[PDB]
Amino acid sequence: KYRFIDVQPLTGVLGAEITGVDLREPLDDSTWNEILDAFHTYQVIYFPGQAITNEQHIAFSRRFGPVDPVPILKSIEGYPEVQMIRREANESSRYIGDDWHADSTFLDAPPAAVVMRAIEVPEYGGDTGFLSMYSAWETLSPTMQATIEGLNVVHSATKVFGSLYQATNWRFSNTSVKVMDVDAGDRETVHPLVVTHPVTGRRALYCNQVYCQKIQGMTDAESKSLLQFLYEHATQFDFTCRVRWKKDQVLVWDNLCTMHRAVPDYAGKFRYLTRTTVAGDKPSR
């Protein structure tokens, strides 16, 4: 099918390695257009073997949308737009992204994508998981969809940098996390439980254990029952895929219909990636 790029899917649910196009070089319109169609079709896409410069890097995210850095992550020197996912060899500190989630939904308008580029990865370990919230919502019964179709959910960063994160035990290392503000993190914002992708118009579920605190207008007692069920349902194995990282590998994931998570199976070893973050609109029903 695809003509200007060679597209090799990873599973029957999400993901594809794309090859036969050099991201060091400016992309013509028919090449990049297919790149987009894949991303909107395969949700995560990665390009192995791309020795790009941080400038070519920022340039590529710019095609999807404006660079909108995430609050939390420290920038690389010189490029405020380029942020680290760096973890030193001396470990024992919370891993970033230890659980399934989408990135920073506590914003009123959270990112639409983010592109990661592997600098130094360990020979084995420190994979990254990805799962499809198209598949999450689509495997529900209509009766269930029609029941939960209308509900909205209250997100908040209190857990990752708010009140509850201040009254707990350990922290993140300061190698990729900025000192945050206790109240700006603890800030609420409301998103639907079921979002419509702006481009695909296909419907996905929208919730995660990192930021979703409760359903708007529900007693905690219900909200927990119901969100605990979705987390159970949406994080089945049959929905995921698993990216393995090799130097100069570059990846783009859709931050609205895919959740991701980092696997902490590399203690003792060094692991460094970089990532720009592309902006999005208020998530819409």
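One-based numbering along the sequence shown.
(request) Using the B-factors recorded in the PDB entry, average over the C-alpha atoms of 106-114 and of 141-149, then report which stretch comes out higher. (result) The stretch with the larger average C-alpha B-factor is 141-149.
(request) Averaging the C-alpha B factors as listed in the entry, name the stretch that ends up higher: 257-265 or 270-278. (result) The stretch with the larger average C-alpha B-factor is 270-278.
(request) Would you mind checking which of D127, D99, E88, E123 has the top Cα temperature factor in the PDB entry? (result) Result of the comparison over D127, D99, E88, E123: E88.
(request) In terms of CA temperature factor as recorded, identify the highest of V182, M84, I119, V199. (result) The C-alpha B-factor peaks, among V182, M84, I119, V199, at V182.
(message) Using the temperature factors of the C-alpha atoms in this entry, rank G65 within its chain: lowest, middle or highest third.
(response) Tercile = middle for this residue's CA B-factor.
(request) Could you look up the Cα B-factor of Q50 in the entry and say which third of the chain it sits in: lowest, middle or highest? (result) For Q50, the deposited C-alpha B-factor lands in the lowest third.
(message) Based on the deposited C-alpha B factors for this chain, I'd like to know if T158 is in the lowest, middle or highest third.
(response) CA B-factor rank for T158: highest third.
(request) Determine, from the deposited record, the chain-internal third of the Cα B-factor for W170: lowest, middle or highest. (result) Highest third.
(message) Ranking the modelled residues of this chain by C-alpha B-factor as given in the entry, is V21 in the lowest, middle or highest third?
(response) Its C-alpha B-factor, which the entry lists for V21, ranks in the middle third among residues of this chain.
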